[PDB]
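Everything below concerns the one structure shown next.
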Amino acid sequence: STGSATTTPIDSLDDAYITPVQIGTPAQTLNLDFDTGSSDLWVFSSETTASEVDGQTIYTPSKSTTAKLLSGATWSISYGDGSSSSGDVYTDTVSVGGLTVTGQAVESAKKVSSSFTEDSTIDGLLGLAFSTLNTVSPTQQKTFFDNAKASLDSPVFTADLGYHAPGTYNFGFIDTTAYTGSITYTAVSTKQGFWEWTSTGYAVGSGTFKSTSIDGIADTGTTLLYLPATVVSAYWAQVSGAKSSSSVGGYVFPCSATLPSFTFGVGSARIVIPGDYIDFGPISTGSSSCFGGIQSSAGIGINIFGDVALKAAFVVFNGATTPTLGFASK
């Protein structure tokens, strides 16, 4: 089997991408944030505290003839940005772009943190990291991809995120028309539960490539590109007037600037992020200070190849017995 679904930016900055997911019978379609940095499929629901729902579409398990309470199971998650959610668990039929999993754990939120409530466009998350990170207790549950893997034509999914435009998540096949050149594959460590890999270096604009190992994660659920402070300083030093602002929370730059590109290495191959992809717009409405899309990872503990980086590539998440990552230009 295969599946193919369009993913759409939630706003004009590409702050996140939503993908429609069919849950239950008859189908209830919710728009979920596909997150290769986490491993829970959780949804706003009829059980979510009413004051914490503000415009989201909710899953109502009592209206699904295939929903079954997973007795005793609870979940609770905290994300790298400080947001969180928790609740109970059902199993139900879940379909993405024509690919159907029966018995998928659907984690129903009883509580969500304010940042989720305040974002009316995201109805939940669909985790695509390794199932070892799933938070369901006392019986850990598998991700949608792990449940589907054996049925897929090939045990892979691909992320093809658009710049200011829709893109595609494919399951079970590699669309050879969706990229240019060849796909360069690179080794993955699953020891932390992530799609963790080592970039071979970077360049700023037309500058020379610096060969240096940068370990980090491919994370579709993170907006920006988080790299070591040395690399990030080298990038913003090429933008007149750019500076790190403690009060804003990162590098800002004059909105009048033209940003240079940023290149990252994948083996001997190179992925070029155009400068425009690095502009996240005014820090507040009407400001002439703009927020940068490359930020320091120093306070995180891990480097994160988020959407800013991934949207410049066609990315293969190869879930074979020994997983690998593939990157192609497009």
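Residues are referred to by chain and number: the chain letter is A, B, ... according to the order shown in the structure tokens, the number counts from 1 in that chain, and ligands are numbered separately from 1 in the order shown.
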Pick out the residues sitting within 12 Å of residue A:224, and hand them over as a PyMOL selection string; count only C-alpha atoms, and ignore anything fewer than 2 positions along from it in its own chain.
chain A and resi 13-16+81+218-222+226-227+250-251+273+277-280+291-297+303-311
Which residues of stretch 114-219 of chain A have any atom within 12 Å of an atom in stretch 318-328 of chain A when counting only C-alpha atoms, and what is the closest pair of atoms for each, with the distance in Å to one decimal? Order the rows by chain and rising number and write it as JSON lines.
{"residue": "A:128", "atom": "CA", "partner": "A:319", "partner_atom": "CA", "distance": 10.5}
{"residue": "A:129", "atom": "CA", "partner": "A:319", "partner_atom": "CA", "distance": 10.2}
{"residue": "A:130", "atom": "CA", "partner": "A:319", "partner_atom": "CA", "distance": 9.4}
{"residue": "A:131", "atom": "CA", "partner": "A:319", "partner_atom": "CA", "distance": 11.7}
{"residue": "A:145", "atom": "CA", "partner": "A:319", "partner_atom": "CA", "distance": 8.8}
{"residue": "A:146", "atom": "CA", "partner": "A:319", "partner_atom": "CA", "distance": 8.5}
{"residue": "A:147", "atom": "CA", "partner": "A:319", "partner_atom": "CA", "distance": 11.8}
{"residue": "A:148", "atom": "CA", "partner": "A:319", "partner_atom": "CA", "distance": 11.0}
{"residue": "A:149", "atom": "CA", "partner": "A:319", "partner_atom": "CA", "distance": 7.9}
{"residue": "A:150", "atom": "CA", "partner": "A:320", "partner_atom": "CA", "distance": 10.1}
{"residue": "A:152", "atom": "CA", "partner": "A:319", "partner_atom": "CA", "distance": 10.8}
{"residue": "A:153", "atom": "CA", "partner": "A:320", "partner_atom": "CA", "distance": 11.9}
{"residue": "A:154", "atom": "CA", "partner": "A:320", "partner_atom": "CA", "distance": 8.4}
{"residue": "A:155", "atom": "CA", "partner": "A:319", "partner_atom": "CA", "distance": 5.3}
{"residue": "A:156", "atom": "CA", "partner": "A:318", "partner_atom": "CA", "distance": 4.5}
{"residue": "A:157", "atom": "CA", "partner": "A:318", "partner_atom": "CA", "distance": 6.7}
{"residue": "A:158", "atom": "CA", "partner": "A:318", "partner_atom": "CA", "distance": 8.3}
{"residue": "A:159", "atom": "CA", "partner": "A:327", "partner_atom": "CA", "distance": 9.9}
{"residue": "A:160", "atom": "CA", "partner": "A:328", "partner_atom": "CA", "distance": 10.1}
{"residue": "A:170", "atom": "CA", "partner": "A:318", "partner_atom": "CA", "distance": 11.9}
{"residue": "A:171", "atom": "CA", "partner": "A:318", "partner_atom": "CA", "distance": 10.3}
{"residue": "A:172", "atom": "CA", "partner": "A:318", "partner_atom": "CA", "distance": 9.6}
{"residue": "A:173", "atom": "CA", "partner": "A:318", "partner_atom": "CA", "distance": 10.2}
{"residue": "A:174", "atom": "CA", "partner": "A:318", "partner_atom": "CA", "distance": 10.1}
{"residue": "A:175", "atom": "CA", "partner": "A:328", "partner_atom": "CA", "distance": 11.7}
{"residue": "A:176", "atom": "CA", "partner": "A:328", "partner_atom": "CA", "distance": 10.4}
{"residue": "A:177", "atom": "CA", "partner": "A:328", "partner_atom": "CA", "distance": 11.5}
{"residue": "A:178", "atom": "CA", "partner": "A:328", "partner_atom": "CA", "distance": 9.3}
{"residue": "A:179", "atom": "CA", "partner": "A:328", "partner_atom": "CA", "distance": 6.2}
{"residue": "A:180", "atom": "CA", "partner": "A:328", "partner_atom": "CA", "distance": 6.8}
{"residue": "A:181", "atom": "CA", "partner": "A:328", "partner_atom": "CA", "distance": 6.9}
{"residue": "A:182", "atom": "CA", "partner": "A:328", "partner_atom": "CA", "distance": 6.0}
{"residue": "A:183", "atom": "CA", "partner": "A:328", "partner_atom": "CA", "distance": 4.5}
{"residue": "A:184", "atom": "CA", "partner": "A:326", "partner_atom": "CA", "distance": 5.3}
{"residue": "A:185", "atom": "CA", "partner": "A:326", "partner_atom": "CA", "distance": 4.1}
{"residue": "A:186", "atom": "CA", "partner": "A:325", "partner_atom": "CA", "distance": 5.4}
{"residue": "A:187", "atom": "CA", "partner": "A:324", "partner_atom": "CA", "distance": 5.1}
{"residue": "A:188", "atom": "CA", "partner": "A:324", "partner_atom": "CA", "distance": 5.0}
{"residue": "A:189", "atom": "CA", "partner": "A:323", "partner_atom": "CA", "distance": 8.0}
{"residue": "A:190", "atom": "CA", "partner": "A:323", "partner_atom": "CA", "distance": 8.1}
{"residue": "A:191", "atom": "CA", "partner": "A:323", "partner_atom": "CA", "distance": 11.7}
{"residue": "A:193", "atom": "CA", "partner": "A:323", "partner_atom": "CA", "distance": 11.6}
{"residue": "A:194", "atom": "CA", "partner": "A:323", "partner_atom": "CA", "distance": 10.8}
{"residue": "A:195", "atom": "CA", "partner": "A:325", "partner_atom": "CA", "distance": 7.6}
{"residue": "A:196", "atom": "CA", "partner": "A:325", "partner_atom": "CA", "distance": 8.8}
{"residue": "A:197", "atom": "CA", "partner": "A:325", "partner_atom": "CA", "distance": 7.7}
{"residue": "A:198", "atom": "CA", "partner": "A:325", "partner_atom": "CA", "distance": 10.3}
{"residue": "A:199", "atom": "CA", "partner": "A:327", "partner_atom": "CA", "distance": 11.0}
{"residue": "A:217", "atom": "CA", "partner": "A:325", "partner_atom": "CA", "distance": 10.3}
{"residue": "A:218", "atom": "CA", "partner": "A:325", "partner_atom": "CA", "distance": 8.7}
{"residue": "A:219", "atom": "CA", "partner": "A:325", "partner_atom": "CA", "distance": 11.9}
Produce a file of the selected residues containing C-alpha atoms, as a PDB file, in the first residue's frame.
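Result file is out06.pdb:
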ATOM      1  CA  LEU A 128       6.666  10.345  13.121  1.00  0.00           C
ATOM      2  CA  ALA A 129       9.756   9.863  15.313  1.00  0.00           C
ATOM      3  CA  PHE A 130      10.544   6.429  16.731  1.00  0.00           C
ATOM      4  CA  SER A 131       7.928   4.694  18.873  1.00  0.00           C
ATOM      5  CA  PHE A 145       4.141   4.904  10.453  1.00  0.00           C
ATOM      6  CA  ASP A 146       5.217   1.989  12.639  1.00  0.00           C
ATOM      7  CA  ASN A 147       1.718   0.497  12.382  1.00  0.00           C
ATOM      8  CA  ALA A 148       1.598   0.964   8.603  1.00  0.00           C
ATOM      9  CA  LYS A 149       5.186  -0.005   7.807  1.00  0.00           C
ATOM     10  CA  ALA A 150       4.725  -3.723   7.134  1.00  0.00           C
ATOM     11  CA  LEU A 152       3.697  -0.331   2.741  1.00  0.00           C
ATOM     12  CA  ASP A 153       5.270  -1.065  -0.645  1.00  0.00           C
ATOM     13  CA  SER A 154       8.556   0.190   0.843  1.00  0.00           C
ATOM     14  CA  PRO A 155       9.113   1.047   4.549  1.00  0.00           C
ATOM     15  CA  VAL A 156       9.588   4.783   3.974  1.00  0.00           C
ATOM     16  CA  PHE A 157       7.864   8.137   4.130  1.00  0.00           C
ATOM     17  CA  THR A 158       8.934  11.384   2.473  1.00  0.00           C
ATOM     18  CA  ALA A 159       8.539  15.041   3.401  1.00  0.00           C
ATOM     19  CA  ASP A 160       8.396  17.621   0.621  1.00  0.00           C
ATOM     20  CA  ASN A 170       4.096  10.372   0.889  1.00  0.00           C
ATOM     21  CA  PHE A 171       4.040   6.955   2.565  1.00  0.00           C
ATOM     22  CA  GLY A 172       5.422   3.778   1.025  1.00  0.00           C
ATOM     23  CA  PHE A 173       7.066   5.107  -2.145  1.00  0.00           C
ATOM     24  CA  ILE A 174       9.601   7.636  -3.420  1.00  0.00           C
ATOM     25  CA  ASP A 175       8.208  10.009  -6.085  1.00  0.00           C
ATOM     26  CA  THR A 176      11.145  10.255  -8.478  1.00  0.00           C
ATOM     27  CA  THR A 177       9.535  13.284 -10.183  1.00  0.00           C
ATOM     28  CA  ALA A 178       9.576  15.347  -6.972  1.00  0.00           C
ATOM     29  CA  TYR A 179      13.320  16.118  -6.824  1.00  0.00           C
ATOM     30  CA  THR A 180      16.298  16.973  -9.025  1.00  0.00           C
ATOM     31  CA  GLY A 181      19.555  15.082  -9.228  1.00  0.00           C
ATOM     32  CA  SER A 182      20.084  12.154  -6.877  1.00  0.00           C
ATOM     33  CA  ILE A 183      19.120  11.422  -3.273  1.00  0.00           C
ATOM     34  CA  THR A 184      22.088  11.301  -0.907  1.00  0.00           C
ATOM     35  CA  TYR A 185      21.526   8.921   1.994  1.00  0.00           C
ATOM     36  CA  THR A 186      23.158   9.354   5.391  1.00  0.00           C
ATOM     37  CA  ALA A 187      23.324   7.347   8.608  1.00  0.00           C
ATOM     38  CA  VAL A 188      20.768   7.707  11.413  1.00  0.00           C
ATOM     39  CA  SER A 189      21.163   7.134  15.147  1.00  0.00           C
ATOM     40  CA  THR A 190      17.939   6.156  16.904  1.00  0.00           C
ATOM     41  CA  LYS A 191      19.518   6.183  20.378  1.00  0.00           C
ATOM     42  CA  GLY A 193      14.359   8.295  19.544  1.00  0.00           C
ATOM     43  CA  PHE A 194      14.856  10.914  16.794  1.00  0.00           C
ATOM     44  CA  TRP A 195      15.869  10.929  13.132  1.00  0.00           C
ATOM     45  CA  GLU A 196      19.348  11.986  14.240  1.00  0.00           C
ATOM     46  CA  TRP A 197      22.106  12.405  11.675  1.00  0.00           C
ATOM     47  CA  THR A 198      25.398  14.232  11.081  1.00  0.00           C
ATOM     48  CA  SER A 199      25.707  17.033   8.556  1.00  0.00           C
ATOM     49  CA  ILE A 217      17.666  15.917  14.143  1.00  0.00           C
ATOM     50  CA  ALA A 218      15.371  16.145  11.115  1.00  0.00           C
ATOM     51  CA  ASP A 219      12.281  17.674  12.753  1.00  0.00           C
TER      52      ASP A 219
END
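Between atom CA of residue A:232 and atom CA of residue A:301 the interatomic distance comes to 15.2 Å.
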Within 7 Å of stretch 25-38 of chain A, which residues of stretch 124-174 of chain A show up? Give each one with its shortest atom-to-atom distance in Å (one decimal) and the two atoms involved, counting only C-alpha atoms, rows by chain then rising residue number, as CSV.
residue,atom,partner,partner_atom,distance
A:124,CA,A:32,CA,4.9
A:125,CA,A:33,CA,4.6
A:126,CA,A:34,CA,4.7
A:127,CA,A:38,CA,4.8
A:128,CA,A:36,CA,4.3
A:129,CA,A:36,CA,4.7
A:133,CA,A:38,CA,6.7
Atom CA of residue A:50 to atom CA of residue A:71, distance in Å rounded to a single decimal
23.3 Å
Write out as a PyMOL selection string each polymer residue whose atoms come within 10 Å of stretch 139-141 of chain A, counting only C-alpha atoms; drop sequence neighbours fewer than 6 positions from it.
chain A and resi 39-41+70+72-75+89+104-107+131-133+147
What would the file look like if the residues just selected were written as an mmCIF file, in the first residue's frame with N, CA and C atoms?
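What follows is the written file out.cif:
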data_model
loop_
_atom_site.group_PDB
_atom_site.id
_atom_site.type_symbol
_atom_site.label_atom_id
_atom_site.label_comp_id
_atom_site.auth_asym_id
_atom_site.auth_seq_id
_atom_site.Cartn_x
_atom_site.Cartn_y
_atom_site.Cartn_z
ATOM 1 N N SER A 39 6.380 11.347 18.904
ATOM 2 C CA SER A 39 5.884 10.007 18.609
ATOM 3 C C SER A 39 4.494 9.744 19.157
ATOM 4 N N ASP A 40 3.691 10.785 19.363
ATOM 5 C CA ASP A 40 2.321 10.661 19.837
ATOM 6 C C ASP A 40 1.399 11.232 18.770
ATOM 7 N N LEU A 41 0.291 10.551 18.523
ATOM 8 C CA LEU A 41 -0.791 11.057 17.688
ATOM 9 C C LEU A 41 -1.850 11.499 18.679
ATOM 10 N N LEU A 70 -8.974 2.653 25.227
ATOM 11 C CA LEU A 70 -7.844 1.815 25.623
ATOM 12 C C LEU A 70 -7.795 1.909 27.140
ATOM 13 N N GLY A 72 -7.413 2.195 30.908
ATOM 14 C CA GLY A 72 -6.316 2.480 31.798
ATOM 15 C C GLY A 72 -5.199 3.320 31.223
ATOM 16 N N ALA A 73 -5.206 3.588 29.921
ATOM 17 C CA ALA A 73 -4.089 4.263 29.266
ATOM 18 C C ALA A 73 -4.219 5.777 29.383
ATOM 19 N N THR A 74 -3.125 6.421 29.755
ATOM 20 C CA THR A 74 -3.051 7.871 29.772
ATOM 21 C C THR A 74 -1.788 8.303 29.037
ATOM 22 N N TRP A 75 -1.723 9.593 28.718
ATOM 23 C CA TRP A 75 -0.562 10.154 28.041
ATOM 24 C C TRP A 75 -0.352 11.572 28.532
ATOM 25 N N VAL A 89 -6.817 7.623 25.996
ATOM 26 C CA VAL A 89 -6.435 7.014 24.728
ATOM 27 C C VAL A 89 -7.579 6.162 24.204
ATOM 28 N N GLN A 104 -5.171 2.129 15.473
ATOM 29 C CA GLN A 104 -4.194 3.159 15.816
ATOM 30 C C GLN A 104 -4.548 3.795 17.154
ATOM 31 N N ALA A 105 -3.543 3.995 18.006
ATOM 32 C CA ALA A 105 -3.761 4.747 19.237
ATOM 33 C C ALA A 105 -3.973 6.227 18.909
ATOM 34 N N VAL A 106 -5.137 6.738 19.276
ATOM 35 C CA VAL A 106 -5.524 8.133 19.097
ATOM 36 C C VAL A 106 -5.629 8.712 20.500
ATOM 37 N N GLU A 107 -4.730 9.626 20.830
ATOM 38 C CA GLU A 107 -4.595 10.143 22.183
ATOM 39 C C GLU A 107 -5.477 11.376 22.293
ATOM 40 N N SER A 131 8.967 4.979 17.886
ATOM 41 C CA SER A 131 7.928 4.694 18.873
ATOM 42 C C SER A 131 8.462 4.610 20.298
ATOM 43 N N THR A 132 9.773 4.457 20.480
ATOM 44 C CA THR A 132 10.350 4.483 21.819
ATOM 45 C C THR A 132 10.072 5.788 22.564
ATOM 46 N N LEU A 133 9.741 6.879 21.869
ATOM 47 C CA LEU A 133 9.402 8.144 22.522
ATOM 48 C C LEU A 133 7.915 8.289 22.854
ATOM 49 N N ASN A 147 2.843 1.394 12.625
ATOM 50 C CA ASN A 147 1.718 0.497 12.382
ATOM 51 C C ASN A 147 1.544 0.194 10.899
#
Residue list (strand (DSSP E or B), DSSP) for stretch 72-267 of chain A, as a PyMOL selection string
chain A and resi 72-78+84-96+99-112+124-127+137+156-160+167-171+184-187+189+196-204+210-218+225-227+243-245+250-254+262-266
Those residues with C-alpha atoms, as a PDB file, in the first residue's frame please?
ATOM      1  CA  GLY A  72      -6.316   2.480  31.798  1.00  0.00           C
ATOM      2  CA  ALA A  73      -4.089   4.263  29.266  1.00  0.00           C
ATOM      3  CA  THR A  74      -3.051   7.871  29.772  1.00  0.00           C
ATOM      4  CA  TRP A  75      -0.562  10.154  28.041  1.00  0.00           C
ATOM      5  CA  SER A  76       1.259  13.376  28.849  1.00  0.00           C
ATOM      6  CA  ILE A  77       3.796  15.218  26.720  1.00  0.00           C
ATOM      7  CA  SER A  78       5.950  18.328  26.932  1.00  0.00           C
ATOM      8  CA  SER A  84       2.244  20.427  26.670  1.00  0.00           C
ATOM      9  CA  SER A  85      -0.903  18.313  26.566  1.00  0.00           C
ATOM     10  CA  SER A  86      -2.335  15.209  28.228  1.00  0.00           C
ATOM     11  CA  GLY A  87      -5.339  12.903  28.328  1.00  0.00           C
ATOM     12  CA  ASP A  88      -6.654   9.380  27.707  1.00  0.00           C
ATOM     13  CA  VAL A  89      -6.435   7.014  24.728  1.00  0.00           C
ATOM     14  CA  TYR A  90      -8.721   5.362  22.179  1.00  0.00           C
ATOM     15  CA  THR A  91      -7.930   3.009  19.361  1.00  0.00           C
ATOM     16  CA  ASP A  92      -9.605   3.801  16.049  1.00  0.00           C
ATOM     17  CA  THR A  93      -9.142   3.642  12.287  1.00  0.00           C
ATOM     18  CA  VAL A  94      -6.849   6.390  10.968  1.00  0.00           C
ATOM     19  CA  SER A  95      -6.257   7.175   7.291  1.00  0.00           C
ATOM     20  CA  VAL A  96      -3.713   9.555   5.720  1.00  0.00           C
ATOM     21  CA  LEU A  99      -3.394   4.790   3.616  1.00  0.00           C
ATOM     22  CA  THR A 100      -5.422   3.176   6.417  1.00  0.00           C
ATOM     23  CA  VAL A 101      -4.285   1.816   9.803  1.00  0.00           C
ATOM     24  CA  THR A 102      -6.784   0.001  12.003  1.00  0.00           C
ATOM     25  CA  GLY A 103      -6.296  -0.021  15.762  1.00  0.00           C
ATOM     26  CA  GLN A 104      -4.194   3.159  15.816  1.00  0.00           C
ATOM     27  CA  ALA A 105      -3.761   4.747  19.237  1.00  0.00           C
ATOM     28  CA  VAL A 106      -5.524   8.133  19.097  1.00  0.00           C
ATOM     29  CA  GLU A 107      -4.595  10.143  22.183  1.00  0.00           C
ATOM     30  CA  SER A 108      -7.533  12.316  23.215  1.00  0.00           C
ATOM     31  CA  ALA A 109      -6.580  15.555  24.953  1.00  0.00           C
ATOM     32  CA  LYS A 110      -8.236  16.411  28.234  1.00  0.00           C
ATOM     33  CA  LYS A 111      -5.831  19.330  28.731  1.00  0.00           C
ATOM     34  CA  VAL A 112      -3.698  21.384  26.339  1.00  0.00           C
ATOM     35  CA  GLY A 124      -3.449  17.907  17.022  1.00  0.00           C
ATOM     36  CA  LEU A 125      -0.124  16.274  16.221  1.00  0.00           C
ATOM     37  CA  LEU A 126       0.824  13.104  14.332  1.00  0.00           C
ATOM     38  CA  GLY A 127       4.207  11.935  15.557  1.00  0.00           C
ATOM     39  CA  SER A 137       1.355   4.619  29.938  1.00  0.00           C
ATOM     40  CA  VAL A 156       9.588   4.783   3.974  1.00  0.00           C
ATOM     41  CA  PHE A 157       7.864   8.137   4.130  1.00  0.00           C
ATOM     42  CA  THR A 158       8.934  11.384   2.473  1.00  0.00           C
ATOM     43  CA  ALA A 159       8.539  15.041   3.401  1.00  0.00           C
ATOM     44  CA  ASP A 160       8.396  17.621   0.621  1.00  0.00           C
ATOM     45  CA  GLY A 167       3.796  20.339  -0.195  1.00  0.00           C
ATOM     46  CA  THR A 168       3.376  16.596   0.187  1.00  0.00           C
ATOM     47  CA  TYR A 169       3.838  13.733   2.651  1.00  0.00           C
ATOM     48  CA  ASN A 170       4.096  10.372   0.889  1.00  0.00           C
ATOM     49  CA  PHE A 171       4.040   6.955   2.565  1.00  0.00           C
ATOM     50  CA  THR A 184      22.088  11.301  -0.907  1.00  0.00           C
ATOM     51  CA  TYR A 185      21.526   8.921   1.994  1.00  0.00           C
ATOM     52  CA  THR A 186      23.158   9.354   5.391  1.00  0.00           C
ATOM     53  CA  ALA A 187      23.324   7.347   8.608  1.00  0.00           C
ATOM     54  CA  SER A 189      21.163   7.134  15.147  1.00  0.00           C
ATOM     55  CA  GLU A 196      19.348  11.986  14.240  1.00  0.00           C
ATOM     56  CA  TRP A 197      22.106  12.405  11.675  1.00  0.00           C
ATOM     57  CA  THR A 198      25.398  14.232  11.081  1.00  0.00           C
ATOM     58  CA  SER A 199      25.707  17.033   8.556  1.00  0.00           C
ATOM     59  CA  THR A 200      29.125  17.374   6.954  1.00  0.00           C
ATOM     60  CA  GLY A 201      29.344  21.170   7.165  1.00  0.00           C
ATOM     61  CA  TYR A 202      28.009  24.499   5.978  1.00  0.00           C
ATOM     62  CA  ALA A 203      28.536  27.591   3.861  1.00  0.00           C
ATOM     63  CA  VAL A 204      27.163  31.134   4.212  1.00  0.00           C
ATOM     64  CA  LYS A 210      33.415  24.631   6.080  1.00  0.00           C
ATOM     65  CA  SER A 211      33.789  20.893   6.619  1.00  0.00           C
ATOM     66  CA  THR A 212      32.685  20.132  10.172  1.00  0.00           C
ATOM     67  CA  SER A 213      30.419  17.495  11.706  1.00  0.00           C
ATOM     68  CA  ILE A 214      27.068  18.839  12.952  1.00  0.00           C
ATOM     69  CA  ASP A 215      24.899  16.271  14.726  1.00  0.00           C
ATOM     70  CA  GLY A 216      21.215  17.110  14.726  1.00  0.00           C
ATOM     71  CA  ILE A 217      17.666  15.917  14.143  1.00  0.00           C
ATOM     72  CA  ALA A 218      15.371  16.145  11.115  1.00  0.00           C
ATOM     73  CA  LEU A 225      16.926  25.873  11.947  1.00  0.00           C
ATOM     74  CA  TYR A 226      18.818  25.606  15.274  1.00  0.00           C
ATOM     75  CA  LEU A 227      22.597  25.242  14.995  1.00  0.00           C
ATOM     76  CA  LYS A 243      22.253  41.061  16.247  1.00  0.00           C
ATOM     77  CA  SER A 244      21.188  38.657  18.961  1.00  0.00           C
ATOM     78  CA  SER A 245      18.499  40.220  21.132  1.00  0.00           C
ATOM     79  CA  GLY A 250      17.235  35.364  19.256  1.00  0.00           C
ATOM     80  CA  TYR A 251      18.804  36.933  16.211  1.00  0.00           C
ATOM     81  CA  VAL A 252      16.918  39.821  14.624  1.00  0.00           C
ATOM     82  CA  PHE A 253      17.822  41.755  11.506  1.00  0.00           C
ATOM     83  CA  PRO A 254      16.708  44.907   9.672  1.00  0.00           C
ATOM     84  CA  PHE A 262      22.788  28.989   3.869  1.00  0.00           C
ATOM     85  CA  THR A 263      24.164  25.671   2.610  1.00  0.00           C
ATOM     86  CA  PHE A 264      24.335  22.454   4.649  1.00  0.00           C
ATOM     87  CA  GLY A 265      26.195  19.289   3.760  1.00  0.00           C
ATOM     88  CA  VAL A 266      24.731  15.800   3.411  1.00  0.00           C
TER      89      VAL A 266
END
Would you please extract all alpha helix (DSSP H) residues from stretch 125-222 of chain A, as assigned by DSSP on the backbone, and give them as a ChimeraX atom specification?
/A:144-148
Those residues you just picked out, can you put them in a file as a compact mmCIF listing (two decimals), in the first residue's frame with C-alpha atoms?
# COMPACT_ATOMS: atom_id res chain seq x y z
CA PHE A 144 1.05 5.65 12.56
CA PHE A 145 4.14 4.90 10.45
CA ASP A 146 5.22 1.99 12.64
CA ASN A 147 1.72 0.50 12.38
CA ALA A 148 1.60 0.96 8.60
Between atom CA of residue A:298 and atom CA of residue A:270, what is the spacing in Å?
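Separating atom CA of residue A:270 from atom CA of residue A:298 is a distance of 24.2 Å.
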